[PDB]
$ cat input03.txt   # compact mmCIF, N, CA and C atoms
# COMPACT_ATOMS: atom_id res chain seq x y z
N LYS J 1 16.69 15.81 -12.94
CA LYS J 1 16.35 16.89 -13.86
C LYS J 1 14.89 17.29 -13.72
N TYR J 2 14.64 18.28 -12.87
CA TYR J 2 13.31 18.84 -12.66
C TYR J 2 12.82 19.59 -13.90
N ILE J 3 11.55 19.39 -14.26
CA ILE J 3 10.85 20.25 -15.21
C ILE J 3 9.44 20.45 -14.66
N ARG J 4 9.06 21.70 -14.40
CA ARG J 4 7.67 21.99 -14.07
C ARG J 4 6.81 21.90 -15.32
N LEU J 5 5.58 21.42 -15.15
CA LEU J 5 4.67 21.25 -16.27
C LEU J 5 3.35 21.93 -15.97
N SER J 6 2.47 21.94 -16.97
CA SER J 6 1.15 22.54 -16.84
C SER J 6 0.06 21.47 -16.87
N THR J 7 6.90 17.59 -29.45
CA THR J 7 6.61 18.50 -28.34
C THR J 7 7.68 18.40 -27.26
N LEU J 8 7.56 17.38 -26.41
CA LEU J 8 8.56 17.14 -25.38
C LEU J 8 9.74 16.36 -25.93
N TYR J 9 9.53 15.69 -27.07
CA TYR J 9 10.41 14.62 -27.50
C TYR J 9 11.72 15.15 -28.09
N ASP J 10 11.70 16.36 -28.63
CA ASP J 10 12.81 16.84 -29.46
C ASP J 10 14.04 17.21 -28.64
N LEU J 11 13.89 18.01 -27.58
CA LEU J 11 15.05 18.42 -26.81
C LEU J 11 15.56 17.33 -25.87
N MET J 12 14.78 16.27 -25.63
CA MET J 12 15.15 15.23 -24.68
C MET J 12 15.62 13.94 -25.32
N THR J 13 15.41 13.73 -26.62
CA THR J 13 15.91 12.53 -27.27
C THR J 13 17.01 12.80 -28.29
N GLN J 14 17.30 14.07 -28.58
CA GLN J 14 18.44 14.43 -29.41
C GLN J 14 19.59 15.03 -28.61
N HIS J 15 19.28 15.84 -27.59
CA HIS J 15 20.31 16.50 -26.81
C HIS J 15 20.70 15.73 -25.56
N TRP J 16 19.90 14.75 -25.13
CA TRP J 16 20.13 14.10 -23.85
C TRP J 16 20.61 12.66 -24.01
N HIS J 17 19.83 11.81 -24.67
CA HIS J 17 20.13 10.38 -24.65
C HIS J 17 19.59 9.73 -25.92
N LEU J 18 19.46 8.41 -25.89
CA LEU J 18 19.12 7.57 -27.03
C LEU J 18 17.60 7.53 -27.23
N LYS J 19 17.17 6.70 -28.17
CA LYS J 19 15.77 6.39 -28.39
C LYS J 19 15.29 5.39 -27.34
N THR J 20 14.10 4.85 -27.55
CA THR J 20 13.52 3.90 -26.60
C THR J 20 12.86 2.72 -27.31
N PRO J 21 13.58 1.62 -27.56
CA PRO J 21 13.00 0.48 -28.28
C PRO J 21 11.94 -0.29 -27.50
N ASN J 22 11.66 0.09 -26.26
CA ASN J 22 10.56 -0.44 -25.47
C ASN J 22 10.15 0.69 -24.54
N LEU J 23 8.95 0.60 -23.98
CA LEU J 23 8.53 1.61 -23.02
C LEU J 23 7.50 0.98 -22.10
N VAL J 24 7.90 0.70 -20.88
CA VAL J 24 7.02 0.12 -19.88
C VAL J 24 6.46 1.26 -19.04
N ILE J 25 5.20 1.14 -18.62
CA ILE J 25 4.58 2.12 -17.74
C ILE J 25 4.00 1.37 -16.55
N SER J 26 4.44 1.75 -15.35
CA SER J 26 3.88 1.23 -14.12
C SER J 26 2.95 2.30 -13.55
N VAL J 27 1.66 2.01 -13.52
CA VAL J 27 0.68 2.96 -13.00
C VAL J 27 0.34 2.57 -11.57
N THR J 28 0.86 3.33 -10.63
CA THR J 28 0.57 3.14 -9.22
C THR J 28 -0.03 4.38 -8.59
N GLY J 29 0.49 5.56 -8.90
CA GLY J 29 0.09 6.77 -8.21
C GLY J 29 0.73 6.86 -6.84
N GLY J 30 0.53 8.00 -6.19
CA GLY J 30 1.14 8.25 -4.90
C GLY J 30 0.53 7.50 -3.73
N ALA J 31 0.46 6.17 -3.83
CA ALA J 31 0.05 5.34 -2.72
C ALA J 31 1.25 5.10 -1.82
N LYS J 32 1.25 5.71 -0.64
CA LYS J 32 2.37 5.58 0.28
C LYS J 32 2.48 4.17 0.84
N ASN J 33 1.38 3.43 0.85
CA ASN J 33 1.34 2.08 1.38
C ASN J 33 1.31 1.09 0.23
N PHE J 34 2.32 0.23 0.16
CA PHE J 34 2.36 -0.81 -0.86
C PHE J 34 3.10 -2.01 -0.31
N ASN T 1 -4.60 -21.47 15.53
CA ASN T 1 -5.19 -20.97 14.29
C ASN T 1 -6.71 -20.95 14.33
N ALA T 2 -7.32 -21.49 15.38
CA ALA T 2 -8.77 -21.48 15.53
C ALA T 2 -9.24 -20.51 16.59
N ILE T 3 -8.49 -20.37 17.68
CA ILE T 3 -8.86 -19.43 18.73
C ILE T 3 -8.69 -18.00 18.25
N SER T 4 -7.52 -17.69 17.68
CA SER T 4 -7.24 -16.34 17.22
C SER T 4 -8.09 -15.97 16.01
N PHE T 5 -8.44 -16.95 15.18
CA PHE T 5 -9.37 -16.68 14.09
C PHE T 5 -10.78 -16.44 14.59
N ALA T 6 -11.14 -17.02 15.74
CA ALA T 6 -12.45 -16.74 16.32
C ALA T 6 -12.44 -15.45 17.11
N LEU T 7 -11.35 -15.17 17.84
CA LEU T 7 -11.28 -13.95 18.64
C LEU T 7 -11.18 -12.71 17.76
N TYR T 8 -10.60 -12.85 16.57
CA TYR T 8 -10.49 -11.70 15.68
C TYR T 8 -11.84 -11.31 15.11
N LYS T 9 -12.72 -12.29 14.89
CA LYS T 9 -14.02 -12.01 14.30
C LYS T 9 -14.92 -11.22 15.25
N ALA T 10 -14.90 -11.57 16.54
CA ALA T 10 -15.68 -10.80 17.51
C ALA T 10 -15.08 -9.43 17.76
N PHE T 11 -13.79 -9.25 17.50
CA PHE T 11 -13.20 -7.92 17.61
C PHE T 11 -13.51 -7.08 16.39
N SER T 12 -13.42 -7.67 15.19
CA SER T 12 -13.52 -6.90 13.95
C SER T 12 -14.93 -6.39 13.70
N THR T 13 -15.94 -7.08 14.23
CA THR T 13 -17.33 -6.71 14.00
C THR T 13 -17.91 -5.91 15.16
N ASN T 14 -17.09 -5.05 15.77
CA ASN T 14 -17.56 -4.09 16.75
C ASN T 14 -17.89 -2.73 16.14
N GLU T 15 -17.49 -2.51 14.87
CA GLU T 15 -17.78 -1.32 14.07
C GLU T 15 -17.21 -0.03 14.67
N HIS T 16 -16.24 -0.15 15.57
CA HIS T 16 -15.55 0.99 16.15
C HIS T 16 -14.04 0.90 15.95
N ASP T 17 -13.54 -0.21 15.41
CA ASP T 17 -12.12 -0.42 15.21
C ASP T 17 -11.69 -0.17 13.76
N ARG T 18 -12.49 0.57 13.00
CA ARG T 18 -12.03 1.03 11.70
C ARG T 18 -10.94 2.08 11.87
N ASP T 19 -11.15 3.02 12.79
CA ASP T 19 -10.07 3.91 13.20
C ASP T 19 -9.07 3.18 14.08
N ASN T 20 -9.54 2.24 14.89
CA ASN T 20 -8.68 1.48 15.79
C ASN T 20 -8.27 0.15 15.16
N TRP T 21 -7.65 0.26 13.98
CA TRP T 21 -7.01 -0.89 13.34
C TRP T 21 -5.78 -1.34 14.11
N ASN T 22 -5.21 -0.46 14.93
CA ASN T 22 -4.02 -0.80 15.71
C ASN T 22 -4.34 -1.80 16.81
N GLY T 23 -5.61 -1.88 17.22
CA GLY T 23 -5.99 -2.91 18.16
C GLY T 23 -5.99 -4.29 17.53
N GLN T 24 -6.42 -4.39 16.28
CA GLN T 24 -6.46 -5.67 15.59
C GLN T 24 -5.07 -6.19 15.25
N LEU T 25 -4.08 -5.30 15.15
CA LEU T 25 -2.73 -5.76 14.83
C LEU T 25 -2.05 -6.36 16.06
N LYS T 26 -2.19 -5.71 17.21
CA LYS T 26 -1.61 -6.25 18.44
C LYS T 26 -2.33 -7.50 18.90
N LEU T 27 -3.60 -7.66 18.52
CA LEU T 27 -4.29 -8.92 18.77
C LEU T 27 -3.69 -10.03 17.92
N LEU T 28 -3.52 -9.79 16.62
CA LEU T 28 -2.95 -10.79 15.74
C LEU T 28 -1.45 -10.97 15.93
N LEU T 29 -0.80 -10.08 16.69
CA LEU T 29 0.60 -10.25 17.05
C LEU T 29 0.77 -10.98 18.37
N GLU T 30 -0.21 -10.89 19.27
CA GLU T 30 -0.19 -11.68 20.50
C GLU T 30 -0.29 -13.17 20.18
N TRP T 31 -1.05 -13.51 19.15
CA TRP T 31 -1.03 -14.83 18.54
C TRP T 31 -0.13 -14.79 17.31
N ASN T 32 -0.06 -15.90 16.59
CA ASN T 32 0.77 -15.96 15.38
C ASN T 32 -0.14 -16.19 14.18
N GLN T 33 -0.64 -15.08 13.63
CA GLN T 33 -1.52 -15.11 12.46
C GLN T 33 -0.90 -14.24 11.36
N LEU T 34 -0.01 -14.83 10.57
CA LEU T 34 0.58 -14.09 9.46
C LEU T 34 -0.41 -13.94 8.31
N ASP T 35 -1.02 -15.06 7.90
CA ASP T 35 -1.88 -15.06 6.72
C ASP T 35 -3.15 -14.25 6.94
N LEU T 36 -3.63 -14.17 8.17
CA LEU T 36 -4.81 -13.36 8.46
C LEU T 36 -4.48 -11.88 8.50
N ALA T 37 -3.31 -11.52 9.05
CA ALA T 37 -2.94 -10.12 9.13
C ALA T 37 -2.52 -9.56 7.78
N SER T 38 -1.93 -10.40 6.93
CA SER T 38 -1.49 -9.93 5.63
C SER T 38 -2.65 -9.73 4.67
N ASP T 39 -3.79 -10.39 4.93
CA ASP T 39 -4.94 -10.30 4.04
C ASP T 39 -6.00 -9.32 4.51
N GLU T 40 -6.15 -9.12 5.82
CA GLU T 40 -7.26 -8.31 6.31
C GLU T 40 -6.82 -7.00 6.96
N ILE T 41 -5.55 -6.86 7.33
CA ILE T 41 -5.02 -5.62 7.88
C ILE T 41 -4.13 -4.91 6.88
N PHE T 42 -3.12 -5.60 6.36
CA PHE T 42 -2.19 -5.01 5.41
C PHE T 42 -2.64 -5.32 3.98
N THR T 43 -3.72 -4.65 3.58
CA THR T 43 -4.29 -4.86 2.25
C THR T 43 -4.73 -3.56 1.58
N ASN T 44 -4.28 -2.41 2.09
CA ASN T 44 -4.18 -1.13 1.39
C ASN T 44 -5.50 -0.45 1.03
N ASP T 45 -6.64 -1.09 1.30
CA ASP T 45 -7.90 -0.37 1.20
C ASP T 45 -8.23 0.36 2.50
N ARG T 46 -7.61 -0.05 3.60
CA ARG T 46 -7.64 0.68 4.85
C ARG T 46 -6.53 1.73 4.85
N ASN T 47 -6.76 2.80 5.61
CA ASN T 47 -5.84 3.92 5.66
C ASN T 47 -4.94 3.79 6.89
N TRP T 48 -3.70 3.37 6.67
CA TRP T 48 -2.67 3.45 7.69
C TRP T 48 -1.49 4.21 7.11
N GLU T 49 -0.57 4.61 7.98
CA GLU T 49 0.50 5.51 7.58
C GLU T 49 1.89 4.88 7.61
N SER T 50 2.03 3.68 8.19
CA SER T 50 3.29 2.94 8.34
C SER T 50 4.36 3.73 9.09
$ encode --input "input03.txt" --output "structure tokens"
Amino acid sequence: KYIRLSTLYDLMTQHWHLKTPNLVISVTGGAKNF
Amino acid sequence: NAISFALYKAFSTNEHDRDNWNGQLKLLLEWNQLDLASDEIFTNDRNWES
């Protein structure tokens, strides 16, 4: 599901799927070598 | 583990193999240096493309 970007929560947590009782973030960035 | 560790040091300090990192890999592949190649070649601060 592409969305171009330049609030977000309403159309994506009521019309799409469930809530999120945890939220992990992996910060790597576009490093092609890992 | 002593010859290849010594031969790599005289190769690495020529200051012309930063672009020629591919020479240091075939050197460490001609010998068997896993721990040296995984720490000093494949350590992501150098720019390779895989």
$ closest_atom_pairs --input "input03.txt" --of "chain T" --to "chain J" --cutoff "8 Å" --atoms "all atoms listed in the file" --output "JSON lines"
{"residue": "T:42", "atom": "C", "partner": "J:34", "partner_atom": "C", "distance": 7.9}
{"residue": "T:43", "atom": "C", "partner": "J:33", "partner_atom": "C", "distance": 7.7}
{"residue": "T:44", "atom": "CA", "partner": "J:33", "partner_atom": "C", "distance": 6.0}
{"residue": "T:48", "atom": "C", "partner": "J:33", "partner_atom": "CA", "distance": 6.7}
{"residue": "T:49", "atom": "C", "partner": "J:32", "partner_atom": "C", "distance": 6.8}
{"residue": "T:50", "atom": "N", "partner": "J:33", "partner_atom": "CA", "distance": 7.0}
$ atom_distance --input "input03.txt" --atom1 "CA of residue 37 (chain T)" --atom2 "CA of residue 25 (chain T)"
7.2 Å
$ atom_distance --input "input03.txt" --atom1 "atom C of residue 18 (chain J)" --atom2 "atom C of residue 5 (chain J)"
23.2 Å
$ atom_distance --input "input03.txt" --atom1 "CA of residue 39 (chain T)" --atom2 "CA of residue 5 (chain T)"
12.7 Å
$ select_by_dssp --input "input03.txt" --residues "chain T" --states "alpha helix (DSSP H)" --output "VMD selection string"
chain T and resid 3 to 12 21 to 30 34 to 40
$ residues_around --input "input03.txt" --residues "residue 4 (chain T)" --least-positions-apart "5" --cutoff "12 Å" --atoms "only C-alpha atoms" --output "list in words"
residues 9, 10, 11, 12, 24, 25, 26, 27, 28, 29, 30, 31, 32, 33, 34, 35, 36 and 37 of chain T
$ residues_around --input "input03.txt" --residues "residue 19 (chain T)" --least-positions-apart "3" --cutoff "10 Å" --atoms "only C-alpha atoms" --output "JSON, numbers by chain"
{"T": [15, 16, 22, 23, 46, 47, 48]}
$ write_last_selection --input "input03.txt" --atoms "N, CA and C atoms" --output "compact mmCIF listing (two decimals), keeping the file's coordinate frame"
# COMPACT_ATOMS: atom_id res chain seq x y z
N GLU T 15 -17.49 -2.51 14.87
CA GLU T 15 -17.78 -1.32 14.07
C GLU T 15 -17.21 -0.03 14.67
N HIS T 16 -16.24 -0.15 15.57
CA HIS T 16 -15.55 0.99 16.15
C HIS T 16 -14.04 0.90 15.95
N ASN T 22 -5.21 -0.46 14.93
CA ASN T 22 -4.02 -0.80 15.71
C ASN T 22 -4.34 -1.80 16.81
N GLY T 23 -5.61 -1.88 17.22
CA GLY T 23 -5.99 -2.91 18.16
C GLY T 23 -5.99 -4.29 17.53
N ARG T 46 -7.61 -0.05 3.60
CA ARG T 46 -7.64 0.68 4.85
C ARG T 46 -6.53 1.73 4.85
N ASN T 47 -6.76 2.80 5.61
CA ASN T 47 -5.84 3.92 5.66
C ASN T 47 -4.94 3.79 6.89
N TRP T 48 -3.70 3.37 6.67
CA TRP T 48 -2.67 3.45 7.69
C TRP T 48 -1.49 4.21 7.11
